[PDB]
Every structure is written in C-alpha cells, then in structure tokens.
**Q** 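My questions will all concern the structure given below.
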Amino acid sequence: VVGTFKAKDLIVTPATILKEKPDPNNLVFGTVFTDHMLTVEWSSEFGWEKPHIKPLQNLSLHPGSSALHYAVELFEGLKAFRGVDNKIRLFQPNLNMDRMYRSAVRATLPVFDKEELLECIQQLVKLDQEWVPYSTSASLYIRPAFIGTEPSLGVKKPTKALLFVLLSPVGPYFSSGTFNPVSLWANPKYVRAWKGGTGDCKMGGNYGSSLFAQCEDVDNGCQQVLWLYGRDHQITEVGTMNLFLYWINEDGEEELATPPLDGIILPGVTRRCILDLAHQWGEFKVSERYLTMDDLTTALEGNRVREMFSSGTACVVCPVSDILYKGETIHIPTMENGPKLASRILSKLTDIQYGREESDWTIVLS
Amino acid sequence: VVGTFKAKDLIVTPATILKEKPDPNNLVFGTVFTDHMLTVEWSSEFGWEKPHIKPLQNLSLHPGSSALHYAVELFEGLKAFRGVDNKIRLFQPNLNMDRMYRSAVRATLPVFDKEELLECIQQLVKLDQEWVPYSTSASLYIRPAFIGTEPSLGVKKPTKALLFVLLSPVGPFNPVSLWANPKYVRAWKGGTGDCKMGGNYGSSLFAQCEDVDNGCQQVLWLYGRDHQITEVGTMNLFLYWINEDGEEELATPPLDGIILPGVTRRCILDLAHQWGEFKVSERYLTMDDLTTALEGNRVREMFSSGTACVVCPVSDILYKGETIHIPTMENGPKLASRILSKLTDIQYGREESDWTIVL
Ligand SMILES: O=C(NNS(=O)(=O)c1ccccc1C(F)(F)F)c1cc2cc(Cl)ccc2o1
Ligand SMILES: O=C(NNS(=O)(=O)c1ccccc1C(F)(F)F)c1cc2cc(Cl)ccc2o1
Ligand SMILES: *Cc1c(COP(=O)(O)O)cnc(C)c1O
Ligand SMILES: *Cc1c(COP(=O)(O)O)cnc(C)c1O
C-alpha cells in the first residue's frame with residue numbers, strides 16, 4: 001500500500017549504553033561500528049514499514065532469505081566529514097541515492113523515495129555524529145545496504161525486504177606523509193564484469209566472484225587486482241576502484257584517460273568528480289576511452305606514462321606503482337612523477353569534503 | 001585449526017513442539033520447512049566448530065556479514081524420496097557434495113570433508129524422516145547453504161562462515177515459454193557460471209520478471225556474437241533433433257565455463273549414451289541452428305533439466321519479436337517422458353541403480 005517509508009515517521013530507540021570511540025589514527029576500514037543503525041522493513045502485502053533508528057544489533061533472518069541464497073542484495077558507500085569549521089558534511093550524497101535506486105530496480109528490490117532515505121541517513125549520522133572523527137584525515141563511512149528477506153526458496157522477485165544503514169569510522173590510506181602505492185595482479189583468466197551483466201551496478205553478486213582473484217593477488221604480493229576484459233585485454237578497474245591513466249597519448253597529447261561507461265564499469269562518484277575537475281581546469285585532454293595492456297606497455301616503453309591511479313570513496317585516490325602481468329613485474333612511474341596529478345586531485349577533493357573550499361558538492365548535516 | 005567438522009560430534013537438540021506436515025497433494029515448492037536444521041560454525045582462528053542439528057530458527061547475523069554485502073555464499077539442491085517400498089533414498093548425493101566443495105573453493109569459503117557433510121545431512125533427514133512426503137509424486141528438498149558471516153566491510157576472504165541445511169517438502173507435463181533477450185548474459189568465461197555461487201542468480205531476477213511480463217515462464221540464456229543457447233532459467237538445456245548431418249541427436253551445450261554441470265544433465269547424458277539409440281553430442285547450439293532446423297522440420301523436443309522438475313518441456317521461444325514454436329508437445333514428448341519415467345523409477349526405488357543410497 002505504501003510506496004515509500006518517510007523520515008517524518010522515524011522511530012528512534014537510543015542505546016542505553018554508549019561505546020567508547022576509537023583512535024582516529026588507528027582505524028582499520030569497516031571493522032568498527034557506531035552505536036546505532038537504520039532499519040526499514042518492506043513486504044509486498046503492506047509495503048514500506050516505518051523506518052527505525054535503533055542500537056546496532058544482529059539481524060534476525062529466516063534462513064531461507066533470498067539474500068543468502070540468490071544474492072538478492074545491493075549496497076552503497078559514501079562518507080560524512082567533520083570540516084575545518086567543525087561542521088559535518090555529506091559529499092554528493094544524491095548521486096549515491098540515484099545509484100542505489102537504480103541498483104534496486106536492477107535487483108528487483110522495492111523502490112523507495114531517494115530524499116526520504118537521504119533524510120533518514122542524515123538523522124542517523126546526526127545521532128551518531130560524535131563518531132565522525134575529529135581528524136582532517138579520517139571520516140565516517142556510511143554503508144546503506146538493501147537485502148531480500150524472502151523466506152521461500154523459489155528464484156523470484158522478493159515479497160519481503162530489509163533496507164539498513166551501518167556507520168563505520170575510517171582513517172587515511174596515506175601514512176608517514178606520503179601515499180601508499182599498490183601493486184596490481186593482472187590475470188586475464190578472470191573477468192570482473194561482462195557486457196550484458198551487472199558490473200555497472202553495486203549488486204553484491206559482482207563482488208563475491210572477485211575474492212578468488214584477490215587471494216591469488218595477495219599470494220603474489222599484490223594489494224589489488226587489475227581487471228582485464230576482452231581479447232584486447234582492456235584495463236577496466238583497479239579492485240573496487242575506477243581506473244585513471246595520466247599520460248602522453250598516441251597523438252603526442254598530454255591526456256587523462258579512463259574507460260568509458262559501456263556497461264562493465266561501475267559509474268563512480270569519485271570518477272565523475274575527477275572528470276568534472278579535469279574538464280574545468282582545461283590544462284590537458286580528458287578522454288573516456290578504451291585502454292589496453294598493449295597501449296600501456298608501448299607507452300611505458302617510450303616513457304609516455306606519467307601516473308596511474310585508482311579512484312573510489314574509501315581512499316579517494318590510490319596511486320599504482322607496479323603491475324604483475326605475464327610473469328613479469330612492470331613498473332609504473334607514478335611515484336617518481338610526484339605523483340603530481342594524483343596529489344593535486346586528492347588535495348582538491350579533500351579541500352571540498354572538509355569545507356576548505358565552498359562547493360555545491362557538499363551538504364551540511366540536517 | 002580444525003580442518004573439518006565431523007558427524008561423530010554431532011550435537012542433536014530435538015524440538016519439543018513439532019509441526020504438522022503439509023498435505024503432500026498441494027505442496028508449493030520451497031515454502032514449507034521441517035522441524036530441524038543443520039548448522040556448522042567456522043572461523044579462521046579455531047577452524048570448524050562441532051555440527052548441530054537443532055530446531056529450525058532464524059539466523060542471528062552481524063549486519064556486516066559478507067553474505068549480505070558481497071554475496072559470499074553458495075548453495076546446493078538435492079532430494080530425498082520415499083520409495084514404493086517405503087525406504088527413503090538419496091539420489092547421486094556425492095555429486096552434490098563434490099560440486100558444493102568446488103563452489104566453496106571458488107568462493108574462498110572454508111573447505112570441509114564431503115563424507116562428513118553427507119553423513120550430517122543423512123542424520124538430519126533421518127531425524128525429520130516423517131517429513132519425506134507419503135507420495136510417489138513428492139519428495140523432500142534438501143538445501144545446503146554456505147555463507148560468509150565476516151563482520152567487516154573489507155572485500156576479502158571471510159574469516160567467519162556458517163554452513164546450514166534446510167529441508168523442504170516439495171511436490172510435482174506443463175510446457176513453458178522462454179523469453180530470449182541477448183542483452184542479458186547469465187555467465188562469462190572467467191566467471192563463476194559453472195558454480196552454484198549465489199551471485200549467479202541475483203543478476204537473473206530482472207530478466208525473469210521481464211520474461212513474466214511477456215507471458216513467458218523462464219528465460220533462455222543466450223551467449224556470444226552467434227547467440228549460443230546455453231541454459232533454460234536455472235536448468236540445463238537439451239535439444240532432441242535431426243542434426244546437420246541428417247543424424248538423430250540429443251544435443252546439450254558443453255562445459256566450457258558458462259554452464260552449470262547439472263546432476264540431472266549428467267544422468268541424462270549417461271542414460272542416452274547407455275541406450276545407444278541416437279547420437280549424443282555435447283556441442284554448441286545457436287538460435288540460427290535452431291530456427292534453421294525448425295524450418296526443415298528437424299526438431300523433435302526441447303527440454304530443460306534440474307533437480308526441482310527433473311525434466312521441463314519447452315513449447316515456445318520469444319526472440320526478436322517473433323514467437324518461435326517448438327514441436328515438443330506434438331512429438332510426445334517421448335524422450336522427455338522416457339527420461340522423466342526413468343529417473344523417477346530409480347529415485348522411488350522401482351528399479352535398482354548405484355545412483356541411489358538408502359538412508
Ligand atoms: O576506494 C576503494 N574502493 N572503492 S569503494 O569504497 O567505493 C568500495 C567499492 C565496492 C566495495 C567496497 C568498497 C570499499 F568501501 F572500499 F570497501 C579502495 C579499495 C582499496 C584497496 C587498497 Cl589495497 C587501497 C585503497 C583502496 O581504496
Ligand atoms: O529444476 C529447476 N531448476 N533447477 S534447480 O532445482 O537445480 C535450481 C537451481 C538453481 C536455483 C534454484 C533451483 C530450484 F531448486 F529450482 F529452486 C526448475 C526451474 C523451473 C522453472 C519452471 Cl517455470 C518450471 C520448472 C522448473 O524446474
Ligand atoms: C563503488 C565502486 C567504484 C567506486 O565508486 P565511488 O562512487 O567513487 O565510490 C568503482 N568500481 C567498483 C567496482 C565499485 O564497486
Ligand atoms: C543447479 C542448476 C542446474 C540444474 O542442476 P542439477 O544438479 O541437475 O539440479 C542447471 N543450471 C543452473 C544455473 C543451476 O543452478
């Protein structure tokens with residue numbers, strides 16, 4: 001009956017015991033959780049139930065829940081930042097609501113009002129706002145999660161669902177003053193996503209398949225997987241991050257390149273922001289364009305590569321120093337070239353996030 | 001540290017209040033559950049905990065559990081059958097243990113002893129014996145499920161996992177129409193399509209809804225530039241036809257990475273090989289192969305195979321705005337019904353085969 005839950009209807013149950021906050025200089029990503037969570041029930045029969053902010057607790061799930069059997073699930077990732085002026089800000093959160101809604105449609109999970117969800121998240125962050133780290137390098141990670149809770153074993157659109165939101169303090173990925181570059185494991189035997197698949201959505205199924213390649217990656221002394229696609233060996237994504245290459249292209253032009261949104265690339269918020277920034281600066285060519293391993297190695301051979309970095313919410317920007325490919329270690333001169341652009345981008349994005357630069361990209365906490 | 005759980009140290013906690021069994025005449029597939037369940041806990045620090053048979057209950061899961069975020073999960077599907085002689089039988093259950101083990105490796109979930117799990121399952125079915133329907137048209141569906149319960153949001157190999165088993169009384173030609181849209185691809189080479197990992201299935205619900213929107217019951221999964229016909233929903237695809245050489249042939253797509261190696265598929269192949277009445281070919285089949293054969297009146301039957309239906313005749317394919325009729329039902333379907341009869345006879349103990357194990 002009810003098309004969406006409403007922030008107006010929020011039922012809040014404060015915790016009676018409050019946990020001590022962690023040292024912001026000693027945070028490991030996604031391991032410590034705050035006092036409270038958002039939960040909202042849905043059923044086909046009654047529609048959306050009233051949303052609850054309540055103490056962080058285990059989920060009680062029928063063991064037949066479709067999220068556990070057929071990966072009927074999706075997530076988001078966005079952050080709250082305590083500013084230089086001690087104001088807490090969200091960064092481009094409407095883009096995450098847009099993406100989550102679209103992933104829900106693709107998953108066949110129930111549709112919701114994006115502004116109502118945004119306001120419920122605002123209220124949850126406001127309640128746990130002291131968990132937003134008092135550090136200009138740490139932030140509060142927000143994990144909205146949407147699962148099918150259909151008890152029956154038929155492979156079908158769920159008639160029961162749970163939307164929930166977790167909060168987790170996260171620290172810097174740089175340390176001792178500098179970036180921590182990654183080595184990438186490039187094995188064309190694995191594919192992250194395919195044309196006709198769901199790689200342009202944040203559905204859980206895209207990620208469970210990537211764990212094997214990641215373990216093999218770690219066994220070979222690499223931190224992330226470089227995801228290759230097709231007979232041409234297109235470079236697509238770095239782990240769970242978008243791929244950027246800053247180089248002199250085939251025409252001899254200084255260029256920032258990233259793979260196009262042709263269905264196998266997750267449309268990152270960070271990725272969009274970087275494209276926007278680089279276009280605005282107007283200092284070099286910006287291309288959404290295919291990039292192969294042969295393109296890369298040829299350019300490296302002729303000293304045309306400047307930097308390679310990955311982009312995502314957790315780290316904003318992550319420089320790439322090495323790629324393990326066909327039994328060889330190929331060096332990327334990212335760190336030797338500054339990294340000039342990667343550092344410039346990180347500074348710009350963090351300025352905005354922490355309120356050093358006024359931009360419409362941020363929103364002050366409700 | 002503990003490499004496997006063992007059926008030896010099974011802890012059995014029977015329910016004090018038992019539920020009434022459903023009418024075996026009106027069962028809805030996976031909607032009704034028995035009194036008990038198996039659960040086995042794992043962690044990287046201590047290895048496999050002791051297994052438990054206990055009352056069916058909700059799972060208490062950390063909201064960060066990787067099964068909920070990154071689909072760190074797999075399942076199996078197999079059945080128990082109350083024979084004509086009242087003996088309860090499992091059917092090729094070691095093949096399900098083999099496949100579950102493969103799926104866990106690909107998923108990075110902890111490995112276990114296959115013989116130990118089968119025995120834990122046998123003890124579970126044994127406890128809940130009376131739930132195996134008193135009907136030769138019904139069976140007990142067995143659902144082993146294996147999930148990551150790692151509380152942290154980092155995308156990595158789980159340090160926490162839960163293995164559980166559910167039991168569900170299920171009942172019972174009604175041919176299906178297939179919706180064929182090449183813009184959805186079920187599986188890719190370098191993917192996980194040959195495992196029963198949950199991630200393979202979440203991505204399929206949109207296509208199935210679209211299928212229903214158009215009066216079709218299942219999706220025909222197409223692959224590649226040549227539009228290879230691969231699987232029928234959650235079933236393997238069989239084509240009974242006269243091939244291009246003018247030979248009568250049973251054909252099915254080969255196991256090149258994008259096809260789930262079905263148990264039913266295996267059994268049908270074994271049987272058709274044994275009979276030696278027609279050619280048996282694991283080979284590529286395209287939409288053009290099929291439409292060309294249909295024009296020349298060379299197609300006899302098309303059916304899917306899986307544990308839930310055993311065999312499912314196909315009457316129509318909707319592809320590129322066309323309605324392509326398959327003469328399955330106008331040809332008996334004799335092969336489909338022969339297979340259904342054969343497997344049913346073995347499953348319900350009407351004939352002996354090493355494929356069945358008495359509980
Ligand atoms: O930003 C990163 N990931 N992108 S993300 O933030 O949007 C994301 C996407 C999908 C799943 C999980 C994640 C997250 F949160 F990183 F865990 C990321 C991964 C990563 C791995 C290393 Cl080793 C270093 C820096 C890193 O940053
Ligand atoms: O046997 C079937 N599916 N194969 S299955 O049995 O191994 C299976 C595989 C993956 C997920 C779920 C299932 C199951 F159990 F059907 F739900 C099946 C699907 C199906 C759909 C229709 Cl419309 C009619 C008969 C049918 O039988
Ligand atoms: C989330 C994600 C991205 C990065 O997206 P952001 O919105 O910038 O955090 C890129 N690739 C994959 C596979 C992702 O899951
Ligand atoms: C399980 C399944 C099959 C059928 O396999 P059986 O072992 O015969 O039940 C076929 N295709 C897919 C995608 C499946 O998951």
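Protein chains get the first letters and strands the later ones, always in sequence-line order, with residue 1 at the start of each.
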**Q** Using non-hydrogen atoms and a 4.5 Å limit, figure out which bit of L211(A) sits close to chain B: side chain, backbone, both or neither.
**A** both

**Q** Assess the side chains of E216(A) and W185(A): does a donor N or O sit below 3.5 Å from an acceptor N or O?
**A** yes

**Q** With only heavy atoms counted, which part of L61(B) is less than 4.5 Å from chain A, the side chain, the backbone, both or neither?
**A** both

**Q** Pick whichever of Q208(B), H69(B), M37(B), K183(B) has the most heavy-atom pairs under 4.5 Å with chain A.
**A** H69(B)

**Q** Between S152(B) and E150(B), does any side-chain donor sit less than 3.5 Å from a side-chain acceptor?
**A** yes

**Q** To the nearest 0.5 Å, tell me how far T192(B) OG1 sits from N200(B) CG.
**A** 3.5 Å

**Q** Heavy-atom distance under 4.5 Å to chain A: side chain of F33(B), backbone, both or neither?
**A** side chain

**Q** Could you look at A308(B) and say if it's the side chain, the backbone, both or neither that has a heavy atom under 4.5 Å from chain A?
**A** neither

**Q** Checking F75(A) against chain B: side chain, backbone, both or neither under 4.5 Å from a heavy atom?
**A** side chain

**Q** If you take all heavy atoms of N96(B) and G77(B), which pair is closest and at what distance?
**A** OD1-O, 3.0 Å

**Q** Is it true that the side chains of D226(B) and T286(B) contain a donor and an acceptor less than 3.5 Å apart?
**A** no

**Q** Can you say whether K157(B) sits under 4.5 Å from chain A via the side chain, the backbone, both, or neither, judging by heavy atoms?
**A** both

**Q** Please flag which part of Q57(A) lies under 4.5 Å from any non-hydrogen atom of chain B: side chain, backbone, both or neither.
**A** backbone

**Q** Give, as side chain, backbone, both or neither, the part of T31(A) having an atom under 4.5 angstrom from any heavy atom of chain B.
**A** both

**Q** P63(A) versus chain B, heavy atoms under 4.5 Å apart: side chain, backbone, both or neither?
**A** both

**Q** Do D200(A) and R106(A) meet the salt-bridge criterion of a basic N to acidic O distance under 4.0 Å?
**A** yes

**Q** Output the option from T39(B), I147(B), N181(B), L166(B) having the highest count of non-hydrogen pairs under 4.5 Å with chain A.
**A** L166(B)

**Q** Please identify, among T240(A), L162(A), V191(A), the residue contributing the most non-hydrogen atom pairs under 4.5 Å to chain B.
**A** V191(A)

**Q** Can you name the nearest heavy-atom pair linking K196(B) to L260(B), along with the distance?
**A** N-CD2, 3.8 Å

**Q** For chain B, which of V155(A), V105(A), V218(A), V72(A) has the most heavy-atom pairs under 4.5 Å?
**A** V105(A)

**Q** Write down the atom of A161(B), the atom of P110(B), and the distance for their closest heavy-atom approach.
**A** CB-CD, 3.9 Å

**Q** Can a side-chain donor-acceptor contact be found between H62(A) and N58(B) if the only test is distance below 3.5 angstrom?
**A** no

**Q** Taking atom OG of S168(A) and atom CH2 of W131(A), what is their separation to the nearest 0.5 Å?
**A** 9.0 Å

**Q** Between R143(A) and chain B, with a heavy-atom cut-off of 4.5 Å, which part of the residue counts as in contact: side chain, backbone, both or neither?
**A** side chain

**Q** Given the options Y70(B), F206(B), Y201(B), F29(B), which has more heavy-atom pairs under 4.5 Å with chain A than any of the others?
**A** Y70(B)

**Q** Heavy-atom distance under 4.5 Å to chain A: side chain of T108(B), backbone, both or neither?
**A** side chain

**Q** What is the distance from atom CD of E73(B) to atom OG of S103(B), rounded to the nearest 0.5 Å?
**A** 11.5 Å

**Q** Give, as side chain, backbone, both or neither, the part of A145(B) having an atom under 4.5 angstrom from any heavy atom of chain A.
**A** side chain

**Q** Taking the ring of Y223(B) and the ring of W188(B), is the distance between their centroids below 6.0 Å?
**A** yes

**Q** Considering all heavy atoms of both residues, which atom of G199(A) and which atom of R192(A) are nearest to each other, and what is their separation?
**A** O-NH2, 3.0 Å

**Q** Can you say whether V32(A) sits under 4.5 Å from chain B via the side chain, the backbone, both, or neither, judging by heavy atoms?
**A** neither

**Q** If you count heavy-atom pairs under 4.5 Å with chain A, which of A187(B), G233(B), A207(B) comes out on top?
**A** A187(B)

**Q** Is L56(A) in contact with chain B via its backbone, its side chain, both, or neither, using a 4.5 Å heavy-atom distance?
**A** side chain

**Q** What part of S60(A) gets closer than 4.5 Å to chain B, counting heavy atoms only: side chain, backbone, both or neither?
**A** both

